[PDB]
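1. Once you've seen the sequence and the experimental structure below, I've got questions.
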Amino acid sequence: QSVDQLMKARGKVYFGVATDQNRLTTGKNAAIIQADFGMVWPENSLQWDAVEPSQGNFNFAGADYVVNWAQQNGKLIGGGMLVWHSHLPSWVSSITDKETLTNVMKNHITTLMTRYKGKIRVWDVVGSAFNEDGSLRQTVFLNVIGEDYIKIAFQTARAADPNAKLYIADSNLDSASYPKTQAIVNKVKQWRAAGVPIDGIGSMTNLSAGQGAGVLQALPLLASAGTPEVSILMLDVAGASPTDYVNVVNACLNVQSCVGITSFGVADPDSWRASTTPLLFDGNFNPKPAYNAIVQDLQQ
Ligand SMILES: O=[N+]([O-])c1ccc2nn[nH]c2c1
């Protein structure tokens, strides 16, 4: 059974997964994605340090591979992260001049989005803009451009490809009690009212065991920011308890604006934290209990 087809049967858009050439050409990743997932994301090959490792010298080979694979297999595509402090090459990090960085940032966004114009359902435009306490993270972008970097990034993105849904993404939004959760809500409300085209909030959902239950209330909170969409991104759960996974799926089912869920990867060995067995397929590419439990939940 296909979690993507069951999500669609329940009125959602997709169940997605992150991938890259190195996965698609190995194991059972491609076969599982074909059968079970309706949306793919280049895991790493659109991140700034991969795709623009020296300024204005882009390397699209890896991203092209995923985009072409997706098209050939009838999958939706997400891309990102366009602006993300933690995946920057050093040439970006060292810039101290506002106009310089603004133009670099605009060029980076426009170049990526125009290359695939019309093909991409979602771009994750800005990631990790908030500190844990809800303040804006003092990244090179905030420090050199100011808070306007958000507006500039999103307006640039909307100009580059108005067909795409534009998302802000952040982590540790998995509890309604966390200050970061409300902070992103109220800033997104403020920004959208000021004309910033933020179509979605994507919750990068990297959970420890037992944290799924929190998402049942965090996601409705996120949805209160009034974006047209919300989503679950980069989903993984240490231990991969069915209880945690079903909770995350149910949170999305319970939120009308939640269009879908993207898993961080297919099989545990390829996780960023493989030893925590946090994904839905084991290293033999067999579905784990949590995969079966999500299927069964969506069927009922
Ligand atoms: O949801 N995802 O797994 C995922 C992976 C990489 C990305 N980069 N930008 N957005 C992403 C989403």
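-> Looks like it came in fine. Numbering: from 1, shown residues only.
2. make it CA atoms for all contacts and neighbour counts henceforth
-> Fine.
3. For the spatially closest residue to residue 181 that is not a sequence neighbour, grab the count of nearby residues.
-> Closest residue to residue 181 apart from its sequence neighbours, by C-alpha to C-alpha, 6 or more residues apart in numbering: residue 173 at 4.9 Å. The number of residues packed near residue 173 is 27, by other C-alpha atoms under 10 Å.
4. SS state for residue 173?
-> coil (DSSP: H, G, I helix; E, B strand; the rest coil).
5. Look up how far residue 31 lies from it.
-> Residue 173 is 32 Å from residue 31, where distance means C-alpha to C-alpha, to the nearest Å.
6. re the thing from before, please report how far the residue nearest to residue 181 lies from the ligand.
-> According to C-alpha to the nearest ligand atom, to the nearest Å, residue 173 stands 14 Å off from the ligand.
7. Isn't that residue up against residue 203?
-> Yes: judged on C-alpha atoms under 8 Å, residue 173 makes contact with residue 203 at a distance of 6.2 Å.
8. can you map out the helices along the stretch 201-300 of the chain?
-> 212-223, 242-254, 289-299 (DSSP state H, counting those that start in this stretch).
9. Pull the shortest one out as PDB, backbone CA atoms only.
-> This file holds the C-alpha atoms of helix 289-299, laid out as PDB (Å, rounded to 0.1, in the frame of the first residue of the first chain):
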ATOM      1  CA  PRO A 289       5.800  -1.100  11.600                       C
ATOM      2  CA  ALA A 290       5.400   2.700  11.400                       C
ATOM      3  CA  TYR A 291       4.900   2.600   7.600                       C
ATOM      4  CA  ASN A 292       2.300  -0.100   8.000                       C
ATOM      5  CA  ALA A 293       0.700   1.900  10.800                       C
ATOM      6  CA  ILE A 294       0.400   5.100   8.700                       C
ATOM      7  CA  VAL A 295      -1.100   3.100   5.800                       C
ATOM      8  CA  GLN A 296      -3.600   1.400   8.200                       C
ATOM      9  CA  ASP A 297      -4.500   4.800   9.800                       C
ATOM     10  CA  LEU A 298      -5.100   6.400   6.400                       C
ATOM     11  CA  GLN A 299      -7.200   3.400   5.200                       C
END
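10. Cool, thanks, talk later.
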